[PDB]
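Enquirer: So that you have it, the file is my_file_36.txt, and it contains compact mmCIF, C-alpha atoms:
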```
# COMPACT_ATOMS: atom_id res chain seq x y z
CA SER H 1 206.89 124.80 104.12
CA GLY H 2 210.59 125.17 103.22
CA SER H 3 211.25 126.68 106.69
CA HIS H 4 209.82 126.73 110.22
CA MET H 5 207.13 129.30 111.12
CA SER H 6 204.69 130.12 113.94
CA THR H 7 201.45 128.11 114.20
CA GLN H 8 198.04 127.76 115.93
CA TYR H 9 199.63 125.58 118.66
CA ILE H 10 202.85 124.57 120.48
CA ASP H 11 203.77 121.30 118.72
CA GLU H 12 200.41 119.40 118.75
CA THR H 13 201.89 117.29 121.60
CA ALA H 14 201.62 119.78 124.49
CA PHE H 15 199.85 118.74 127.71
CA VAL H 16 199.00 120.07 131.19
CA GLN H 17 199.17 118.51 134.66
CA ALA H 18 198.54 119.28 138.34
CA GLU H 19 200.85 121.74 140.13
CA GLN H 20 202.31 119.27 142.67
CA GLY H 21 199.43 117.55 144.53
CA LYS H 22 196.15 119.10 143.30
CA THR H 23 195.05 115.62 142.12
CA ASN H 24 193.05 117.41 139.40
CA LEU H 25 193.46 120.09 136.71
CA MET H 26 190.35 121.84 138.07
CA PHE H 27 191.36 125.24 139.45
CA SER H 28 191.24 126.49 143.06
CA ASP H 29 189.50 129.68 141.83
CA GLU H 30 185.93 130.03 140.51
CA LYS H 31 187.14 132.34 137.71
CA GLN H 32 189.79 129.90 136.46
CA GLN H 33 187.37 126.96 136.61
CA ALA H 34 184.48 128.73 134.83
CA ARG H 35 186.57 130.39 132.10
CA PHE H 36 188.15 127.02 131.38
CA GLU H 37 184.78 125.49 130.44
CA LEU H 38 184.08 128.44 128.12
CA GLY H 39 187.48 128.14 126.44
CA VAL H 40 187.12 124.40 125.74
CA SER H 41 183.66 125.06 124.28
CA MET H 42 185.05 127.53 121.72
CA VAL H 43 187.66 124.94 120.62
CA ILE H 44 185.02 122.35 119.68
CA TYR H 45 183.36 125.02 117.50
CA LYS H 46 186.47 125.53 115.34
CA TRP H 47 186.62 121.78 114.56
CA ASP H 48 185.82 121.06 110.91
CA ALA H 49 184.61 117.46 111.20
CA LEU H 50 181.98 118.58 113.74
CA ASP H 51 180.97 121.68 111.75
CA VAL H 52 180.18 119.65 108.61
CA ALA H 53 178.42 116.93 110.64
CA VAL H 54 175.79 119.37 111.97
CA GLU H 55 175.45 121.07 108.55
CA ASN H 56 175.13 117.89 106.45
CA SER H 57 173.08 116.27 109.26
CA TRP H 58 175.05 113.01 109.43
CA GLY H 59 172.74 112.15 112.37
CA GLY H 60 169.38 113.15 113.85
CA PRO H 61 167.77 116.63 113.76
CA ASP H 62 169.32 117.18 117.21
CA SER H 63 172.77 117.51 115.60
CA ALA H 64 172.87 121.17 116.69
CA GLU H 65 172.38 120.04 120.32
CA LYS H 66 174.84 117.09 120.30
CA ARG H 67 177.79 119.50 119.85
CA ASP H 68 177.10 120.79 123.40
CA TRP H 69 178.10 117.41 124.87
CA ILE H 70 181.40 117.12 122.97
CA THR H 71 182.89 119.94 125.09
CA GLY H 72 181.46 118.48 128.33
CA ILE H 73 183.32 115.16 128.04
CA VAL H 74 186.57 117.01 127.22
CA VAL H 75 186.29 119.07 130.43
CA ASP H 76 185.54 115.76 132.20
CA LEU H 77 189.17 114.69 131.66
CA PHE H 78 190.40 117.64 133.75
CA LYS H 79 188.23 116.79 136.78
CA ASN H 80 188.97 113.02 136.80
CA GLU H 81 192.74 113.00 136.12
CA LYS H 82 195.84 114.84 137.39
CA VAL H 83 197.14 115.28 133.81
CA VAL H 84 195.68 115.53 130.29
CA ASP H 85 197.43 115.73 126.90
CA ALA H 86 196.48 116.33 123.27
CA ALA H 87 196.82 112.57 122.64
CA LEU H 88 193.96 111.20 124.79
CA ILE H 89 191.76 114.18 123.84
CA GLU H 90 192.11 113.28 120.14
CA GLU H 91 190.45 109.88 120.58
CA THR H 92 187.76 111.37 122.86
CA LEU H 93 186.78 113.88 120.14
CA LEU H 94 186.65 111.13 117.49
CA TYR H 95 184.75 108.57 119.57
CA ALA H 96 182.19 111.12 120.79
CA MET H 97 181.18 112.26 117.29
CA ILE H 98 181.23 108.65 116.01
CA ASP H 99 178.60 107.89 118.66
CA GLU H 100 176.37 110.69 117.29
CA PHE H 101 177.33 110.95 113.58
CA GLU H 102 178.95 107.58 112.72
CA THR H 103 181.57 109.51 110.71
CA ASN H 104 184.45 107.14 111.59
CA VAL H 105 186.57 110.26 110.78
CA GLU H 106 190.27 109.67 110.00
CA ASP H 107 191.09 113.09 108.48
CA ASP H 108 193.33 113.99 111.46
CA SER H 109 191.20 117.13 111.91
CA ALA H 110 191.05 116.53 115.69
CA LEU H 111 194.84 116.89 116.19
CA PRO H 112 194.99 120.74 116.11
CA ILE H 113 191.73 120.75 118.12
CA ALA H 114 193.07 118.49 120.89
CA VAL H 115 196.06 120.76 121.55
CA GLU H 116 193.83 123.84 121.45
CA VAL H 117 192.00 122.39 124.48
CA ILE H 118 195.38 122.21 126.26
CA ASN H 119 195.98 125.92 125.58
CA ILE H 120 192.83 126.89 127.51
CA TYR H 121 194.31 125.57 130.77
CA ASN H 122 197.45 127.69 130.42
CA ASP H 123 195.36 130.76 129.45
CA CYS H 124 193.35 130.30 132.66
CA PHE H 125 196.59 129.95 134.68
CA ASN H 126 198.10 133.39 133.95
CA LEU H 127 194.71 135.18 134.20
CA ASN H 128 195.47 136.80 130.83
CA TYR H 129 192.39 135.02 129.38
CA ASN H 130 193.47 136.13 125.88
CA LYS H 131 192.35 132.96 124.05
CA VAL H 132 188.99 132.34 125.75
CA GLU H 133 188.03 136.02 125.41
CA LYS H 134 188.75 136.38 121.68
CA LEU H 135 187.22 133.07 120.56
CA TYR H 136 183.98 134.01 122.34
CA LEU H 137 183.60 137.06 120.08
CA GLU H 138 184.72 135.35 116.86
CA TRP H 139 182.12 132.64 117.62
CA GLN H 140 179.10 134.97 117.57
CA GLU H 141 179.30 135.32 113.78
CA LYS H 142 179.55 131.53 113.32
CA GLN H 143 175.98 131.03 114.60
CA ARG H 144 174.15 134.26 113.60
CA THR H 145 174.89 133.67 109.89
CA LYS H 146 176.83 130.37 109.68
CA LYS H 147 179.96 132.24 108.52
CA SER H 148 183.09 130.14 107.93
CA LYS H 149 186.62 130.42 106.49
CA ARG H 150 189.46 128.04 105.54
CA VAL H 151 192.17 130.14 107.29
CA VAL H 152 191.57 128.03 110.43
CA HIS H 153 193.83 125.43 108.79
CA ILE H 154 197.58 125.10 109.45
CA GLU H 155 200.01 127.25 107.42
CA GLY H 156 201.38 124.02 105.85
```
Taking this structure as input, can you express it in the form of structure tokens?
Expert:
Amino acid sequence: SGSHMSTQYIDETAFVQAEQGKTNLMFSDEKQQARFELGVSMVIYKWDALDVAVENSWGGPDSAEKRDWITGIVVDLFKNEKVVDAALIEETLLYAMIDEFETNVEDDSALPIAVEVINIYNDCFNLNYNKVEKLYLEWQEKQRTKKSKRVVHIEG
């Protein structure tokens, strides 16, 4: 665009880290830890390269079940490291779907998805839960009728 405007993320380079000595990004509260796994799950569902891989069946008939593991390995970064950023999540999204769809994807579609995973941690930190709550409702229509729209893309 000819001028700066608001967007779906901070700057696609945001990250999150432990408070001071937590040694992990996993929360001290059961509500913050559980809502974080739900929020990361909804971010893998807005990813285009995954959505077309299960619809065109680039892999086995279990393609609708493989998408449940792509969110699990992303949450696994938060329980094994004291910091995670949108940069090491990007390669984890790519390599995980390459191992189940052989897409070799290079469309950069994982960049806005990787930073969306970072936003879930900050939404669980202020107990506002605004992002995990809304995506859970907007997701129900994506599976009951396979509804989709191109407005998920950046404003350019």
Enquirer: Quick check, in Å to one decimal: how far apart do CA of residue 112 (chain H) and CA of residue 142 (chain H) lie?
Expert: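 Computing the Euclidean distance for CA of residue 112 (chain H) and CA of residue 142 (chain H) yields 19.0 Å.
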Enquirer: Please identify every residue of region 35-113 of chain H that has at least one atom no farther than 8 Å from an atom of region 10-26 of chain H, counting only C-alpha atoms, and for each give the shortest atom pair and the distance in Å to one decimal, arranged by chain then increasing number, as a Markdown table.
Expert:
```
| residue | atom | partner | partner_atom | distance |
| --- | --- | --- | --- | --- |
| H:78 | CA | H:25 | CA | 4.9 |
| H:79 | CA | H:24 | CA | 5.5 |
| H:80 | CA | H:24 | CA | 6.5 |
| H:81 | CA | H:24 | CA | 5.5 |
| H:82 | CA | H:24 | CA | 4.3 |
| H:83 | CA | H:17 | CA | 3.9 |
| H:84 | CA | H:16 | CA | 5.7 |
| H:85 | CA | H:15 | CA | 3.9 |
| H:86 | CA | H:13 | CA | 5.7 |
| H:87 | CA | H:13 | CA | 7.0 |
| H:111 | CA | H:12 | CA | 6.6 |
| H:112 | CA | H:12 | CA | 6.2 |
```
Enquirer: Taking into account only C-alpha atoms, which residue in the set H:47, H:129, H:101, H:139 is nearest to residue 59 (chain H)?
Expert: H:101
Enquirer: Do you have the CA of residue 122 (chain H)-CA of residue 39 (chain H) distance handy?
Expert: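 Between these atoms lies a distance of 10.7 Å.
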Enquirer: Compare H:52, H:8, H:90, H:115 by their minimum atom-to-atom distance to residue 151 (chain H), counting all atoms listed in the file, and give me the closest one.
Expert: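 The shortest atom-to-atom distance to residue 151 (chain H) comes from H:8.
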Enquirer: Report, in Å with one decimal, the straight-line distance from CA of residue 57 (chain H) to CA of residue 97 (chain H).
Expert: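 Between these atoms lies a distance of 12.1 Å.
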